[PDB]
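Residue numbers (the entry's author numbering), protein chains in the order written: chain O, 66 to 117; chain S, 11 to 118; chain Q, 38 to 134; chain M, 41 to 134; chain R, 24 to 101; chain N, 24 to 100; chain J, 242 to 300, 311 to 394, 429 to 517, 574 to 625; chain T, 34 to 124.
First the structure, in the form of structure tokens, and then the observations on it.
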Amino acid sequence: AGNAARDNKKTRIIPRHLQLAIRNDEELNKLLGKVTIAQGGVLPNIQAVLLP
Amino acid sequence: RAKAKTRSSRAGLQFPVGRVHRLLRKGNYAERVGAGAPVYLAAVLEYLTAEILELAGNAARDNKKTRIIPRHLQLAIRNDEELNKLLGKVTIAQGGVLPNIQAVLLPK
Amino acid sequence: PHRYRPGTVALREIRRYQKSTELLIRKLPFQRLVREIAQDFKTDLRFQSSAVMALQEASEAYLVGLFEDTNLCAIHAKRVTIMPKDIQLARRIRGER
Amino acid sequence: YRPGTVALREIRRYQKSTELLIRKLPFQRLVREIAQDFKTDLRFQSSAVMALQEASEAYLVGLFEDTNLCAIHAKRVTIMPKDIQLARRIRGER
Amino acid sequence: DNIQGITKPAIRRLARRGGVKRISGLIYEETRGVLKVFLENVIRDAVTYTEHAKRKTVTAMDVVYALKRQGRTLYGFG
Amino acid sequence: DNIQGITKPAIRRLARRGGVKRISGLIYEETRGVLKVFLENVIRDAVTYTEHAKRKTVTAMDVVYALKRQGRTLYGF
Amino acid sequence: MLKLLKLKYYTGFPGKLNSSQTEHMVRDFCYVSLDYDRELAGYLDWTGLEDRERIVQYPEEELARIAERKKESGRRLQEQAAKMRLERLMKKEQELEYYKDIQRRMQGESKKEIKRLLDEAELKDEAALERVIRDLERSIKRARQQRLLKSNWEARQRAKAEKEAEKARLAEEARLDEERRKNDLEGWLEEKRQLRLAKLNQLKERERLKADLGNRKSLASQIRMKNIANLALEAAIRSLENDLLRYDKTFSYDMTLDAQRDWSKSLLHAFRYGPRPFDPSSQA
Amino acid sequence: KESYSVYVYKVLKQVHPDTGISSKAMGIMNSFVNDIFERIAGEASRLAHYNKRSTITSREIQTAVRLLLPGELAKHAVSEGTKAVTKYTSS
DNA sequence: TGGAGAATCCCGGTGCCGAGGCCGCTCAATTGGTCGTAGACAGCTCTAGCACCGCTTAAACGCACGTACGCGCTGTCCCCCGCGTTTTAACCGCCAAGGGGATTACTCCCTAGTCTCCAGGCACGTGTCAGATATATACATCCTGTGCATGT
DNA sequence: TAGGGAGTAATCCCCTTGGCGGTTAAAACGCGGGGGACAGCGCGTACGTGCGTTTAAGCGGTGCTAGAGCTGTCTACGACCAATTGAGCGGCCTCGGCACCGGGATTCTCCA
Numbered sequence: 066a067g068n069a070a071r072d073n074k075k076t077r078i079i080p081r082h083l084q085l086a087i088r089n090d091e092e093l094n095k096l097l098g099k100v101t102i103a104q105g106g107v108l109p110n111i112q113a114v115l116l117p
Numbered sequence: 011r012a013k014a015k016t017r018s019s020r021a022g023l024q025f026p027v028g029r030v031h032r033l034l035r036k037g038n039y040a041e042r043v044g045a046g047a048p049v050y051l052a053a054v055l056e057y058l059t060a061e062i063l064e065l066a067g068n069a070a071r072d073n074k075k076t077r078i079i080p081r082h083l084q085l086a087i088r089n090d091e092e093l094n095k096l097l098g099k100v101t102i103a104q105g106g107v108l109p110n111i112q113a114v115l116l117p118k
Numbered sequence: 038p039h040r041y042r043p044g045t046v047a048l049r050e051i052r053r054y055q056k057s058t059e060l061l062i063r064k065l066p067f068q069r070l071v072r073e074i075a076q077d078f079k080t081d082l083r084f085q086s087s088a089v090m091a092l093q094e095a096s097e098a099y100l101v102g103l104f105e106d107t108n109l110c111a112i113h114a115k116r117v118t119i120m121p122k123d124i125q126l127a128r129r130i131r132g133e134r
Numbered sequence: 041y042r043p044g045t046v047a048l049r050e051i052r053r054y055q056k057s058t059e060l061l062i063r064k065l066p067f068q069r070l071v072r073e074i075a076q077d078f079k080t081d082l083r084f085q086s087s088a089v090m091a092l093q094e095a096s097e098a099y100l101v102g103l104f105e106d107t108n109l110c111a112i113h114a115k116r117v118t119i120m121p122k123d124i125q126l127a128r129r130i131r132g133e134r
Numbered sequence: 024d025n026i027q028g029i030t031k032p033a034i035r036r037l038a039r040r041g042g043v044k045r046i047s048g049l050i051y052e053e054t055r056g057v058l059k060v061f062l063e064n065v066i067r068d069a070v071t072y073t074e075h076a077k078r079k080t081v082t083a084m085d086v087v088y089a090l091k092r093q094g095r096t097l098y099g100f101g
Numbered sequence: 024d025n026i027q028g029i030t031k032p033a034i035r036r037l038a039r040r041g042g043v044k045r046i047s048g049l050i051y052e053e054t055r056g057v058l059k060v061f062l063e064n065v066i067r068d069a070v071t072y073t074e075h076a077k078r079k080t081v082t083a084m085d086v087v088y089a090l091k092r093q094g095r096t097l098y099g100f
Numbered sequence: 242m243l244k245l246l247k248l249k250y251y252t253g254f255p256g257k258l259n260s261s262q263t264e265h266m267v268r269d270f271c272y273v274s275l276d277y278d279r280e281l282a283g284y285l286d287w288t289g290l291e292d293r294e295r296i297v298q299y300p311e312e313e314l315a316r317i318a319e320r321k322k323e324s325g326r327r328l329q330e331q332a333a334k335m336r337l338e339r340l341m342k343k344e345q346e347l348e349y350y351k352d353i354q355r356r357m358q359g360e361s362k363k364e365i366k367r368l369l370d371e372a373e374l375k376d377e378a379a380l381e382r383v384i385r386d387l388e389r390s391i392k393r394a429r430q431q432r433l434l435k436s437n438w439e440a441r442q443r444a445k446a447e448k449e450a451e452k453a454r455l456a457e458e459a460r461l462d463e464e465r466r467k468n469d470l471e472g473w474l475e476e477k478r479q480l481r482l483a484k485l486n487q488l489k490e491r492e493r494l495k496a497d498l499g500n501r502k503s504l505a506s507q508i509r510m511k512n513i514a515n516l517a574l575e576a577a578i579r580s581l582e583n584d585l586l587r588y589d590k591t592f593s594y595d596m597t598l599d600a601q602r603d604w605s606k607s608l609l610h611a612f613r614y615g616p617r618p619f620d621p622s623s624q625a
Numbered sequence: 034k035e036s037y038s039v040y041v042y043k044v045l046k047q048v049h050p051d052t053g054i055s056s057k058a059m060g061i062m063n064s065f066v067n068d069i070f071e072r073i074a075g076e077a078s079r080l081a082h083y084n085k086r087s088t089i090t091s092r093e094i095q096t097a098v099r100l101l102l103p104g105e106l107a108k109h110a111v112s113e114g115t116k117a118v119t120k121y122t123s124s
């Protein structure tokens, strides 16, 4: 989450950073697969066939 | 000592209120367990048993058999909306599946 | 004169709303709906401000996850348009249906 | 019987029986082949292998149902690797 | 009515967040139905916990317990 | 290489029980992969309980516990 | 008194029900009846409830545009429905032509070639083909560019001719019915009473099936399970009642299904609210 | 080695008197009993710990049953349990 | 290869509200003993799992053929999409009101704990009988391979 | 038979119910209008069907001992208990990260 905050040029961990931290690690995402995080948002992901 | 009246009876039950009480108490559900709790839980366990076994015997008669087996239990547990919701993520050994073939696959 | 082609602004949005954390359903419609339901279970309930927000977060999280699964079903059937069909197969494979 | 009918007969045959569909000794050898990756020289109760088999067959059968709906949604009557992967995808097993 | 407060634009945004490019007009009413069923299930449990606790107010904890009961654990409250 | 002991006929029968009319030939190797992943998950947990119990033998209960842990309760043992 | 006003107004009363205001209700609205068991049983009758009951208070252009939008949305739905109806009729005509063609090809062919043509058309026998043609003809009867336009125009003319023929048939039946009425009426009334009873029984059987569908023990689910285990009107009643009201002096509005289904019948509205009609959710 | 066999048998011979049940089916039914027991008891324990109580009364068992069992199932279960506890109290 | 102009990003100044922090203080966390039994350990029995060996024959597997299904390609135009637009009501900011969740104090009967008993239930035999396996005692009957005759 | 958890009354406060008024973002609309859905059609290939040979599944025996399960001992670790104190809870402090806004610099569309 600290890495995620740094990448977004901020010093404070906000909920978004915990979501990015959890979803980008396979082992955290398997541990917390059924968990919803308030104000977390979603990973940027557009399916291949939708792009022009 | 006065004669030992089993609590199942004191209750009008076939199920063992006594054993249920042991399991709740010795089973760490909480520090203290009332008498009411054993009675009620035993009753609820009896009711669901009754429903399942009834539907199963209905199935067994439908197939002209005297003996309830696993397949029968399974077909019973799947033909009732409520039991199938209670046991929707349970597998029954030697139960098999309910007969189902999609329409698009049927002869046209 | 100028017109972005159908599909362009859609991708702009898919980028915008996948980058933001905000709740997408307006709050008051949502609060009214939450209550409107609750009074069928017990009359004259009160709701903590945080309780309605927890329901909203869970509801939006449920629907968005459902739509991901729905989208994959549409794509499997060689569509880009989701329909009742897609939503329902999604809900079924998941287990809800 | 006209083509495709024998398939529906076979489906009916397999849906009315309760027998196990994988051969016992092949499945037992698969269980032991997997087990020795986790700990060597494991012993198994006879009943433990049968419990694994019943669970495994029940899992695969349920997966094939979901797979079938994926195929039919795509306007196909043939199941394909894609259909399995979507089923596994939406179940959250991925 | 109140369910129609979940507007066509609101549902569009949620579909967009999920990566959906094109949305059939029938999706909006299906989504409302699906949402209503989900909320009913969670609120039923939340009210059940509320009643048990002898309270008249539904708390954040009652909702969190209702969600955890249904396998949809929510972090950020409680 | 015991995985191919799960025969094409065995997989076919299971697909029949699951209501499948026609089977593309690539299904057999996917089904083996899927089954192996599932068995690994159950057996790893079963062995974990077995080791904890200080046993060398995997018991029926260890499998039933492993299945319940994974939301696939198995009645009958 | 507080408990009975709390349980009478059952669905929730928007008002603070104090104990003292119920006490002041008791002080000026209660009296001990002389003969209780006779006064009580005929108390909630409709005739005279207005004097027994004691009541207590508590403290064009935009309509034309909404009506036009509903008319326009209604017109579009009708247009879509009309299109779907026409499309279905065209499909049935194409199917009828296909089976008639198979019927023509079967005229003068060997028994082996007739079986091949019937197998290609997924039909078991020549009798099954005639049944399908009869059903399609009955259904249709009830219901390059210039070639396409001529085909669509002829299909519409056939559909119009079928509809006109059906309308003519119904008109003739109506005339004959009117002519028969200019004659016997009794036998006509007995038939209408029997028809009414038959339809009521059908409604009751359906209500029973509907109630049983929310139930299980019913033998209905057991017969279904046994079958699976072995394998493993209101408009018509209103029309008849309207006819009986117009021509039958012995048939009163009270004997109508609508009358057997109205507030003036139930006592619970007289118990909660009174002989006046329902609350429209107003202020006072 | 304790099992709810006995009781499953008494209930069976009460509801379908001439019908038996197989050994495998008895196993499955006993597993059913154990599972439902566990679920209800556990939900009850959670409700207790959540309300800072340290006792599982009749009222905990009731609310557990209402959370766990669906619709008519829940209603009928509540009914039976209440009836039983009432008879017990009376005796 | 090339524009209009829209969506987008980066910089910089402002300021606000909450991120990072400090003072009391109290009650929980540690210290330091006591004790008694839960579980670790050692020894022993015998259940069942493993290992192997020979045989039978159900199924698997390999092959050949064909067909119907998957899949590519074409053409038509639906009902959902889209704009600027007009309308609407959330939102925001502020304020009054007071419900019922939370605290304290007390009081009392609920269930735990204890010593005691015996009977309900569990393991184990046993025995028996409903439906099933062949059949002596006889004979008529149904079956259909196959041969002969008749017709085309 | 013991003793303390919980049911209950006196008490109140904080956060929820609730209203009001102004602004503007957003929601919904009067009218055009299209590209990707779908239906049709053709073709080729891969799957189904069947036929024959090979191959180990499955039965059933024999044997052996590994190891699961029991049984008896005993100790060391945890529950408890009382005294002591310092780490953490409330809430007050204060200053800096972020939100915001505007403004300017840039990448990008899509169609000429």
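Here a beta-carbon is modelled for each residue, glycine too, at the ideal position from N, C-alpha and C.
Coarse secondary structure for residue i, derived from DSSP in three states
i                   : result
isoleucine 46/N     : strand
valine 89/M         : helix
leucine 97/R        : strand
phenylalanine 104/Q : helix
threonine 54/R      : helix
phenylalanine 25/S  : coil
Minimum Cβ-Cβ distance from residue i to chain O less than 9 Å
i              : result
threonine 96/R : yes
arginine 40/R  : yes
Span of the beta strand (DSSP E) around residue i
i             : result
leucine 314/J : Careful: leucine 314/J lies outside any beta strand (DSSP E), inside the alpha helix (DSSP H) at 312-357.
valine 100/S  : 100-102
For residue j and residue i, believed in contact at Cβ under 8 Å, the rounded distance
i                : j             : result
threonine 90/T   : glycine 44/S  : 5 Å
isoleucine 112/M : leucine 109/Q : That pair is no contact at about 16 Å.
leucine 387/J    : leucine 347/J : 4 Å
is_contact[residue i, chain M] using C-beta, thresh 9 Å
i               : result
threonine 101/S : yes
Contact with chain T by residue i, beta-carbon distance below 9 Å
i              : result
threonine 76/S : yes
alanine 76/R   : yes
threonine 71/R : yes
Within 9 Å, strictly: CB atoms of residue i and residue j
i               : j                : result
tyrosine 98/N   : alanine 103/S    : yes
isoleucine 46/R : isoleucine 119/Q : yes
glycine 67/S    : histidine 109/T  : no
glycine 41/N    : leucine 70/M     : no
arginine 481/J  : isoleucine 578/J : yes
C-beta neighbour in chain J for residue i, strict 9 Å
i            : result
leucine 83/S : no
Host alpha helix (DSSP H) of residue i (start-end)
i               : result
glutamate 476/J : 471-498
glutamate 582/J : 575-588
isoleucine 78/O : No alpha helix (DSSP H) contains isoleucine 78/O, which DSSP labels as neither H nor E.
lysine 249/J    : 243-249
Cutoff 9 Å: residue i Cβ touching any chain S Cβ
i            : result
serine 503/J : no
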